[PDB]
Structures are given as structure tokens and as C-alpha cells.
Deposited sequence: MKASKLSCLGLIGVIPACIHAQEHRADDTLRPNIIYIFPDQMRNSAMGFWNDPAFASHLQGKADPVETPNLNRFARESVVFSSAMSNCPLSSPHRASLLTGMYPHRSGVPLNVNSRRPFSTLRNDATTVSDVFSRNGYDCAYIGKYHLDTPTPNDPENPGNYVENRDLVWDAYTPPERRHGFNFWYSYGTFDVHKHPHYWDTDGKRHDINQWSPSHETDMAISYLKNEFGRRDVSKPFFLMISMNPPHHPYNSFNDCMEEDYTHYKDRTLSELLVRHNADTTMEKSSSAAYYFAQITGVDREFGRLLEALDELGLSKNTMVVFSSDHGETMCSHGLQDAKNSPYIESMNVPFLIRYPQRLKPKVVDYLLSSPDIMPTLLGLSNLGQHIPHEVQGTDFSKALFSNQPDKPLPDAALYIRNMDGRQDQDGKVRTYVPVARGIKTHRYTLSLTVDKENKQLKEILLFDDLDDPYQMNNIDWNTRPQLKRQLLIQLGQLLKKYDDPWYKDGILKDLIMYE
């Protein structure tokens, strides 16, 4: 029955949403909220289920998208590394059953808009508009200089109104929108609309970077206003979509999910090249579900993972009996619908980091694995050539939200037992390469 709109911008961390500053929400976000302007997401959060601890296990664009569409982790999804010609083996498995595959096979219209690029140089999607370079359902190339989130919202809205007859309105739809603001140039503020930047000019770095781990002396620190301004612009475009949903008869019977592929530390821990790291600024992503008829507005601390989105989506659409059987994710629909009447709710989520070994790269090395629980963060890194322990990251995220006190785990052996058992259980339950190769049998 229900329509589904899944909107996810790039590089938006969970802390960068204004309503995390309010008393009814702040106690659930790890650390201080970002001083960002997101009025539409603010109103949206009060009518939706807000996930405080949704995680991107592999905090990279391509691995998350593969895990989002397949409900499986980067070793089973086929994308453990960022999709690139120089890693031909990293690609969405053609013989995989995606979330759109199930929906389209169950009488849905399926539309994808934005950055895809999960194939090295469709899956039931009737409507295709990939991302200065866009491609139609026909293969038509469209070069438009309009700010990319604006153009993708326009195409999303026209699809919703059926302005051009690209969908059968007598069917439900599953519309995926990946909003792609342009950080590829960074430096110059050109890729920003005045309407959104105007909130962050005349703001000091101390006013912009409010998280205690933020290095306010970097060259990247001048980009903070740029980063927040595009988030504001994406929220503004998200509000346009919500108003469009209201002007049609769609708001009451549409499940609207807002998320992101990964976060952005943004000078947290003084991090240049701020991507693919176990820090909460890089792993915690937004996750909000507005299901007006079937979901009551609340805040949940579920450890949601990328492979968990597809089964949960299918479950929330009364399609829980059609989830493919090698889908490793967890269906949170029964927990979201009812009043906590289930036991096997995940206690921790995986963190995955891999890299290449060249000569043109055909294999990847599982150099880092870890778990994020309700209270703790653990991440273990090993040598590339000899899988021996190289680094240990342990943070008490309740007392150290900004992850500034790397606890030595030998000082707390009781916690070391708990977390190492949990990491092993997670690594085997999903059959991680750290299990195939038995990495760190220690």
C-alpha cells in the first residue's frame, strides 16, 4: 500500500541537524549538535521516528549504497571499496536482489535520482536519473548547471506530480533520491546558494565548530560554513519535497525516510581527508522515518546499520514476508510498529575499513574492524602485509562523547571481554573476511 521516498544527501553527519539542540532530543545525540540551520528537518523530526544511533558500518559512499540496496555487508554486497576503474572487482553484484527488485516485483513503480555509480567502468527502477551530467531513462545526457540538489528535487517533484507521465499513478512508488551537493571543488564558495550561505557568513570558527574535538586552526576550518550552508540548502530542498507531498494527496500515505551515506568529521580530531574513520562524526548518520498512519513520533537508540535499511523498509511496507533470504540485515519494522515485544534487537554494529593491494587492483585487505555499542566504540587496525595488531581504539562514548580519551583496554579487562566477544559474534554472524581468514584469532 504505502509509497516510499528515501532521501539521502552525501557527507551529512547526524549531529548536523538543528533539532538536536532542543531538550526533547539533545540527550540522545553523542555530543553537541552542530549550529546548523535546518528548519524543515526540525519540523520533520517532531512528526517522525528519529534514530539517534544509526550507523554507516563502512563510512564510504559506494559501500553504503551497495549495503543500502542489497541489505548485505561490503564483503557480500560486492562493493567493499569505493567504486573505481582501478578496483574492477568492487561492483554491485548483478545477480543480487535489491530493495527496488523486491518492490518492483511487488507492484511498485521504482525511481532512482542522483549519484549511483555502483558499477565499475537498473534493478527494477522504471525511472532513472543518475548524476553537470545527468542521464534519462532513455540514456539521454542532460548538462544543467543548476545547483544539483535543486535540479534533483525538481525532477523528484515532477515525478511525484506525474508531470511527464513517467509513472503509473494507480501503483505505489519507491523513489530514491541521493542529493549530491558539489564539494568536488571545495575552496571557492561558488557551489552555494546565497539563500543558504547567508546564515553562516559573519560567523566565527568558534561559533561554527562547537564540538570539543574540533581543531579550529586548520585550513579546512574555513570550509565549515560552506559545509553547513549546503546542508541548509539540502534541508530547504527537502522542505520543498515535503510541501509537494502535501499539495498532492500523498503526505498521509507516504513513508518518508531521510538519511545519509556517511558523516563528515569536519576538523574533528584535526582530521584532514575526513572520511572512512570510526569516529562518531564519521559513522553516525541521520535517520528519520515519517509514516503518518503506522508510526508514532518518538526517538529510538537502535543501532541501525546500512544492511538493516532494506529489510526494515520492506517490513515497514507490509512486505516483510518477501525479504530475500541471504539478506543479512535486521528488520526493525516489528520493533518500530509495536511496543518493544522482541528480544534479538542488535546490541552492537560493525565498523568496516578495507583498502587495495595493487597490480589493476583485484583484491581488498580487511585492515580494520570494530563495533559500536550503545555505550562504547572499539576499532582495531592491523598491518596490511601481516595481519597483526597495529592500533586499538576504545572510547566510552557516554563519558567521552567527543572521543578524546582513548582508553587502554588492559586497564579494563572486564570490558575487554565483553567487547571482544561482541565483535567476534558480529564478525561471524555476517561471515566477515576477518573470519574467513581468521584474522586476529587472538
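According to the record, the deposited residues with no C-alpha atom in the structure span 1-30, 152-178, 189-196, 425-428, 512-516.
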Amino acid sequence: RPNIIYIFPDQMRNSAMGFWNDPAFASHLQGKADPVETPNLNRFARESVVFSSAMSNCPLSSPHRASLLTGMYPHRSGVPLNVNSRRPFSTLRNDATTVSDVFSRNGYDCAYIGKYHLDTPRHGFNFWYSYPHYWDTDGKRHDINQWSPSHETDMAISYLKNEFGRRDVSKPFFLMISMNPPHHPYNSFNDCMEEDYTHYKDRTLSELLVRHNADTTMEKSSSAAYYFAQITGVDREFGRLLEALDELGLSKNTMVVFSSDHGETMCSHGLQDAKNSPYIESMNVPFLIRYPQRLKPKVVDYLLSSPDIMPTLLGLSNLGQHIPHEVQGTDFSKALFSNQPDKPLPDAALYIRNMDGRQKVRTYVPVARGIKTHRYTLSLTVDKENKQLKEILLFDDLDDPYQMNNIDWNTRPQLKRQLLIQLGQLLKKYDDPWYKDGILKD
From here on, numbers count along this sequence of modelled residues.
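Look at the mean CA B-factor for 63-71 and for 384-392 in the entry; the higher one is 384-392.
Once the C-alpha B-factors are averaged per stretch, 232-240 and 343-351 rank with 343-351 first. The maximum CA B-factor among the listed residues 143, 152, 331, 101, taken from the PDB record, is found at 143. Take 134, 258, 227, 302 and read off each C-alpha B-factor from the entry; 134 has the highest. In the PDB entry, a CA B factor belonging to the highest third of its chain's modelled residues is recorded for residue 408. Annotation for residue 29: C-alpha temperature factor in the lowest third relative to the rest of the modelled chain, per the entry. Annotation for residue 431: CA B-factor lies in the highest third of the chain's modelled residues. Residue 424: CA B factor in the highest third of modelled residues in this chain (values from the PDB entry). Sorting the modelled residues of the chain by their CA temperature factor places residue 168 in the lowest third.
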